[PDB]
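[1] Whatever this is, show me its structure:
(chains A, B, C, D, E, F, G, H, I and J, ligands or ions: 27)
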Amino acid sequence: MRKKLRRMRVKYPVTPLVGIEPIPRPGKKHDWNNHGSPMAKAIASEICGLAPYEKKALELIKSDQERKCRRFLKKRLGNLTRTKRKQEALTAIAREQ
Amino acid sequence: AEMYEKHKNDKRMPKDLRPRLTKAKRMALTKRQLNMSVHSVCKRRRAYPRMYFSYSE
Amino acid sequence: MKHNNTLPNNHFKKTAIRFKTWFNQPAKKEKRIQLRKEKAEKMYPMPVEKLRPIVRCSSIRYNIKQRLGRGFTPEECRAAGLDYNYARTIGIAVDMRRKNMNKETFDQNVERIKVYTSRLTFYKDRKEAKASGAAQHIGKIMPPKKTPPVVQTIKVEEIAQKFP
Amino acid sequence: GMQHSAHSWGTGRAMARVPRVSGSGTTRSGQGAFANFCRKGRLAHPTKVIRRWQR
Amino acid sequence: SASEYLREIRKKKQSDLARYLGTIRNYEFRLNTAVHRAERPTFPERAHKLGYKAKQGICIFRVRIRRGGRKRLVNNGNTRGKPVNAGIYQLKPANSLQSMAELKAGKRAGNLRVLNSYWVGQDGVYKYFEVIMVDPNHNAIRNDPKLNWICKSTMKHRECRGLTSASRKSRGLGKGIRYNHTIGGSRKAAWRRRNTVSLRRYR
Amino acid sequence: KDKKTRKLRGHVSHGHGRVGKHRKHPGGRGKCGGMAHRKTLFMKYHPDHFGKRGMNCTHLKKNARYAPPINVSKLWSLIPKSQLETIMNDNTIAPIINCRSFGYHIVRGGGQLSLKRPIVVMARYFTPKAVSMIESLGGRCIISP
RNA sequence: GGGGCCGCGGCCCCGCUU
RNA sequence: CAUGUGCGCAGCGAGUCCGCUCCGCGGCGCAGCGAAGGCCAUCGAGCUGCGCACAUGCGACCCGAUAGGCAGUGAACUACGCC
RNA sequence: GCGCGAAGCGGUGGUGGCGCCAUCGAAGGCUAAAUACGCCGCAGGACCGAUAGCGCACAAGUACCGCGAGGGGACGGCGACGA
RNA sequence: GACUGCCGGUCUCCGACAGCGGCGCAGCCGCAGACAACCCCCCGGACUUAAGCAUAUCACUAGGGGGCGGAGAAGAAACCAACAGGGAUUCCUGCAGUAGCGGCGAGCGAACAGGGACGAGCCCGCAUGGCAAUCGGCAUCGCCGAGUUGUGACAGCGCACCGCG
Ligand SMILES: [Mg+2]
Ligand SMILES: [Mg+2]
Ligand SMILES: [Mg+2]
Ligand SMILES: [Mg+2]
Ligand SMILES: [Mg+2]
Ligand SMILES: [Mg+2]
Ligand SMILES: [Mg+2]
Ligand SMILES: [Mg+2]
Ligand SMILES: [Mg+2]
Ligand SMILES: [Mg+2]
Ligand SMILES: [Mg+2]
Ligand SMILES: [Mg+2]
Ligand SMILES: [Mg+2]
Ligand SMILES: [Mg+2]
Ligand SMILES: [Mg+2]
Ligand SMILES: [Mg+2]
Ligand SMILES: [Mg+2]
Ligand SMILES: [Mg+2]
Ligand SMILES: [Mg+2]
Ligand SMILES: [Mg+2]
Ligand SMILES: [Mg+2]
Ligand SMILES: [Mg+2]
Ligand SMILES: [Mg+2]
Ligand SMILES: [Mg+2]
Ligand SMILES: [Mg+2]
Ligand SMILES: [Mg+2]
Ligand SMILES: [Mg+2]
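    Residues are numbered from 1 along each chain as shown, chains lettered A, B, ... in the order given. Ligands and ions are numbered 1, 2, ... in the order given. Find the structure here:
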């Protein structure tokens, strides 16, 4: 009776820890939301420009084909989450131009 | 005995006068070299040295 | 095969199957006792065990009981008043990957460090330590005592008050 | 008993089909091998240490 | 930092810059022999992540490996066996192409120890790798506490035993549910433990 | 007693017949032929051997699915022997029985309770007869964690 | 057969060489 | 030898099992049914060891193929070609 | 292996996709102990006792055979070693 | 100083080079060859079982190639989990002949736990700029070299150890 025991499940009442702050673990220190040097990413994007599939995805975005750009970038990258974020990184390029 | 006192304080002694341990043991790192550790391992052992203690309940 | 029996599940079809016999089992035990004695004699005042935390066991089968954990979190050592790198120099085990989940496991382990450090006598160096004449602790430091659960009792007029 | 390159010589040689020791030039050559009834043969069902010694 | 600018430039492998330097590096690596000693790292920042220092006794050897799978070496497809084992032409090696590059650099400089290797280029025919190799007899290494572990005798031919980063990847090592094939140290260590019958004294 | 071989010394065809024999593997090895020539052995003694039943659970977890039941009869047997005498000889005192502390998760309603007095029982699940038997006597069925 | 095999030019075609 | 089953014997018995270990809340049993959601008894002696018989996997009562494979060695006989 | 080719957040959640929630931080490196094991040394043993036990208790991998790779035996005993 | 014992000397020749490689390198070194029980990496059968047989099985074995060490390998979570959460690896017990895989046939077949043995954790990279603070070599306190395409750090060891009974 798996669903019934899961539904009738009662958590043990326990007290959460409200006060303490985490000690930074040595060797495990990252700010994952601001990872790289953002000036270094801007410089290399200025030098190197865009990849050929990124140029093709701008041409889909600029020609009002963001549906086809989504299919194209999903086929290129292979992951939907990076596909969504690549497209909004590329519409920001197409909007500033 | 004569050739030892000739090349005792030599940079490279002749191979006759070095101890013939084993090719593997001649190529071993020295105990000084094995004890070599990086600066963070030195500071940590220095700042948190070995403690000598006894526990009783 | 012939008769009514459970269907055979005997897996000796591979000719590569080895056998691990246990003829060393009484001999390994006497070697294991001798090494434990020599470890205790190498660290004469210091206990042979680390101080280890009391953690709750993981799944729903086993979360009714507590066992002895791997190490204390650094936030437990700080609340007890110790640097975790200092805590390793005295006989306390430190676990960097255990997460401080709740106040009950946290405060129990913080008290467990405080009881332990209160029970320590320090010595100046190794020669002062060996000549102390202090009896060292053998076995697990402050183990959780296994007991049969006591049955709690309430009065029958109080039953509707407690559990309506 | 199993340290030979012994093979049966087969039928047709007026000799029993037991494995014979290979080679020539020695007295061991052509003699029976590998069988419990053979001299210097492996005993059939050889004793093992995986026997249950304790009860 | 400088290492960040070198890294972000290195990630853009389809630039006009990278396709140019990809073309002339792959040209220059192909004119040399299969394993030949490089002068310096092509990507020094990438080599510094793999343990290269600009010290005496650390060498860079450059190895190319022909790409693709490795066919079964039999005469005319005759594998002399069951038809399940009769395949020839879509087989893939168990170890990496990069681990083959460490084997060739390791056999060439038999005095040196393979530290790591890294990709420096590829085309349709070849994959080019630079292999970081360490001299365990040079005193600059033996006095180095970050690196004199490779001077120990257990580090002889790390690439031949699957102990470098490229060669360890073929072994199936790892933590957790997906890597149960190698619990115990290796596949043979796990297979061995699973195929012994433990016969205790009192059973 | 000794083995059977010690009596079969002297008789040709140790115990396996002259016309038959003790041959190597007549019939095949193992339990092969379950649909061909040992089908009578499987139609008789293992008629549920072949085929598939039911929904496969890739990696069933034993500890997560652990829920051993206890009948409501044996609830009073969970009280420790020392503590049980002061509870049986006190009628205004009801015992609180945390079944999870004793390794029991479900309370099923088999048989009768050992004493007709209120008991407060804590478990993960109670069957409807287990609730009805316990709460008729004046006790409580509490779904504990 | 398709893809990968990082070159320039001009009208799939034609030059070119690196 | 492993794992079963049956019988006999043995200890304890709603429990039982020393022999992994420095200390089994591990297994099985005290209750089952269903693929499952779900249902849950009107209910039942087992556990462990020892011994035999028997089944199965193993070299498998002993001896026996023709074969197949993997790795090797031979053109001093003989076949051909070259010097 | 090949094609494609990431990210500042990413991986994973017995493994269709997507979303949640939860939990970790890969693609760099080292690390004792508990673990395995032949020769050999040592000590034992409900083992075998010269057709047995290792192939060999002996001038045993010896004699001997095979172009070669290789194959491979047999054979123990006076007494008070004083006569 | 007989006969002995322990240790050390001497230790022919063939057999490890078309050698290969490291270091500015007057030169100094390393690799090769053995070992094949244990261990690591790659290559990889068939007999056999399926009463035939082709997938399966044998078996990710045998075997071959390569490579170490006194052990090796592994190893400080991009882990397990779904709890009130545990916490490197290895080993034992156990999960368990189970979930599952499988001409769903023959057969194959783990994992988390729980208990235990043992326990230990660390590091490179993005290090100063009021000056490479670092290292190698030497015929040595001075040269030469490495190096800014970036160098940089010491906690553990040792000796002694009978002669009678
Ligand atoms: Mg014999
Ligand atoms: Mg240089
Ligand atoms: Mg074949
Ligand atoms: Mg007969
Ligand atoms: Mg009979
Ligand atoms: Mg007949
Ligand atoms: Mg038929
Ligand atoms: Mg039998
Ligand atoms: Mg035969
Ligand atoms: Mg065939
Ligand atoms: Mg052949
Ligand atoms: Mg996440
Ligand atoms: Mg799941
Ligand atoms: Mg890491
Ligand atoms: Mg005799
Ligand atoms: Mg003999
Ligand atoms: Mg002849
Ligand atoms: Mg070699
Ligand atoms: Mg066989
Ligand atoms: Mg068959
Ligand atoms: Mg047959
Ligand atoms: Mg056939
Ligand atoms: Mg060695
Ligand atoms: Mg290791
Ligand atoms: Mg298998
Ligand atoms: Mg540095
Ligand atoms: Mg006397």
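[2] For the nearest residue to residue E:137 once chain neighbours are set aside, give its distance to chain A.
    Closest residue to residue E:137 apart from its sequence neighbours, by CB to CB, 6 or more residues apart in numbering or on different chains: residue E:111 at 6.6 Å. In this view, the C-beta of every residue, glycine as well, is placed from N, C-alpha and C. Applying CB to the nearest CB, to the nearest Å, the value for residue E:111 to chain A is 33 Å.
[3] Could you do residue F:66 as well?
    Taken as CB to the nearest CB, the span from residue F:66 to chain A is 10 Å.
[4] how close does that residue sit to RNA strand H?
    Distance, residue F:66 to RNA strand H, using CB to the nearest atom of the strand, to the nearest Å: 9 Å.
[5] what number of residues lie near that residue?
    By other CB atoms under 10 Å in any protein chain shown, 13 other residues sit near residue F:66.
[6] so who does the nearest residue to it once chain neighbours are set aside touch?
    Distances taken as CB to CB, 6+ apart put residue C:61 closest to residue F:66, at 3.9 Å, once the chain neighbours are dropped. By CB atoms under 8 Å, 6 or more residues apart in numbering or on different chains, residue C:61 lies in contact with F:62-64, F:66.
[7] Next, residue C:8: phi, psi?
    With angles defined as degrees, to the nearest 10, residue C:8 sits at phi -70, psi 130.
[8] That one: how many residues sit nearby?
    As a burial measure, residue C:8 scores 9 neighbours (other CB under 10 Å).
[9] so it touches residue F:29, yeah?
    No. Contact criterion CB atoms under 8 Å: residue C:8 and residue F:29 do not qualify, at 10.5 Å.
[10] Can you tell me how far the residue nearest to residue E:137 is from chain F?
    Going from residue E:111 to chain F by CB to the nearest CB gives 50 Å.
[11] Quick check: which element contains that residue?
    For residue E:111, there is no enclosing helix or strand under DSSP states H and E.
[12] distance of it from residue E:41?
    As judged by CB to CB, to the nearest Å, residue E:111 and residue E:41 stand 20 Å apart.
[13] These two: which has the busier surroundings?
    Ranked by neighbour count (other CB under 10 Å), residue E:111 and residue E:41 place residue E:41 first, with 20 against 10.
[14] correct me, but that one touches residue E:59?
    No. In this structure, residue E:41 is not within contact of residue E:59 by CB under 8 Å, at 10.6 Å.
[15] other SSEs contacting the lengthiest helix in chain E?
    For chain E, the helix that runs over the most residues, judged by DSSP state H, is helix E:16-31. Contacts defined by 3 or more CB pairs under 8 Å, 6 or more residues apart in numbering or on different chains; DSSP states H and E place helix E:16-31 against helix A:38-48, strand E:58-66, strand E:113-122, strand E:126-134.
[16] Pick the most deeply packed of the ones you listed.
    strand E:126-134 (a mean of 25; mean count of other CB atoms under 10 Å in any protein chain shown).
[17] ok, and does that one reach over to RNA strand I?
    Yes. Strand E:126-134 reaches RNA strand I (CB under 7 Å from any atom of the strand) through residue E:127.
[18] gap between residue C:122 and ligand 1?
    69 Å (CB to the ion, to the nearest Å).
[19] Distance check, that residue against residue C:48.
    Per CB to CB, residue C:122 is found 18 Å from residue C:48.
[20] Would you mind telling me which of these two has the busier surroundings?
    Neighbour tally, residue C:122 and residue C:48, criterion other CB under 10 Å: the higher count belongs to residue C:48, 18 against 12.
[21] that older thread, and the residue nearest to residue F:66, which helix or strand is it part of?
    Residue C:61 is part of no helix or strand, with elements assigned from DSSP H and E.
[22] Tabulate the helices and strands packed on helix E:16-31 (JSON lines), appending distance to chain F.
    Shown next, in JSON lines, are the helices and strands packed on helix E:16-31 (distance: least, CB to the nearest CB, whole Å):
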{"stretch": "helix A:38-48", "distance to chain F": "42"}
{"stretch": "strand E:58-66", "distance to chain F": "39"}
{"stretch": "strand E:113-122", "distance to chain F": "37"}
{"stretch": "strand E:126-134", "distance to chain F": "38"}
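[23] I'd like to know which of these lies nearest to RNA strand J.
    In terms of CB to the nearest atom of the strand, the element of the helices and strands packed on helix E:16-31 nearest to RNA strand J is strand E:58-66, at 4.7 Å.
[24] Report whether the closest one contacts RNA strand J.
    Yes. Counting by CB under 7 Å from any atom of the strand, RNA strand J has neighbours in strand E:58-66: residue E:59.
[25] wait, does stretch C:9-24 contact chain F?
    No. Judged by CB under 8 Å from any CB of the partner chain, stretch C:9-24 stays clear of chain F, getting no closer than 8.6 Å.
[26] Using PDB, list the CA coordinates for that stretch.
    Taking C-alpha atoms only, stretch C:9-24 is exported to PDB below (Å, rounded to 0.1, in the frame of the first residue of the first chain):
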ATOM      1  CA  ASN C   9      19.800 -21.400  -8.200                       C
ATOM      2  CA  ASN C  10      23.300 -22.700  -7.900                       C
ATOM      3  CA  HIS C  11      25.700 -20.400  -9.700                       C
ATOM      4  CA  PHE C  12      28.800 -22.600 -10.000                       C
ATOM      5  CA  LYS C  13      28.600 -22.700 -13.800                       C
ATOM      6  CA  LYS C  14      31.600 -20.400 -14.100                       C
ATOM      7  CA  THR C  15      34.900 -22.300 -13.800                       C
ATOM      8  CA  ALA C  16      36.500 -19.000 -12.700                       C
ATOM      9  CA  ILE C  17      34.600 -18.900  -9.400                       C
ATOM     10  CA  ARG C  18      37.100 -18.600  -6.500                       C
ATOM     11  CA  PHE C  19      36.700 -19.600  -2.900                       C
ATOM     12  CA  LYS C  20      37.700 -17.500   0.000                       C
ATOM     13  CA  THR C  21      38.500 -19.700   2.900                       C
ATOM     14  CA  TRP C  22      38.800 -18.400   6.400                       C
ATOM     15  CA  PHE C  23      41.700 -20.300   7.900                       C
ATOM     16  CA  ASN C  24      43.400 -17.000   8.900                       C
END
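[27] check whether that stretch contacts chain D.
    Yes. Residues of stretch C:9-24 contacting chain D under CB under 8 Å from any CB: C:19, C:21, C:23.
[28] what distance separates that stretch from the centre of its chain?
    Put simply, stretch C:9-24 sits 34 Å off its chain's centre (CA atoms, centre = their mean, to the nearest Å).
[29] And it, what's buried?
    With burial defined by 16 or more other CB atoms under 10 Å in any protein chain shown, the residues of stretch C:9-24 counted as buried are residue C:21.
[30] one step back: next SSE after the longest helix of chain E?
    As assigned by DSSP H and E, the chain's next helix or strand after helix E:16-31 is strand E:35-37.
[31] Specify the helix with the largest residue count in chain B.
    Per DSSP H, chain B has its longest helix at helix B:39-47.
[32] close to chain A, is it?
    No. Using CB under 8 Å from any CB, helix B:39-47 never reaches chain A; the gap is at least 9.1 Å.
[33] Other residues contacting the helix or strand just after that helix?
    Past helix B:39-47, further along toward the C-terminus, the next helix or strand under DSSP H and E is strand B:52-55. Surrounding strand B:52-55, the residues in contact under the criterion CB under 8 Å, 6+ apart are C:45-47, C:90-91, C:116, C:119-126, C:128-129, C:132, C:134-137, C:141.
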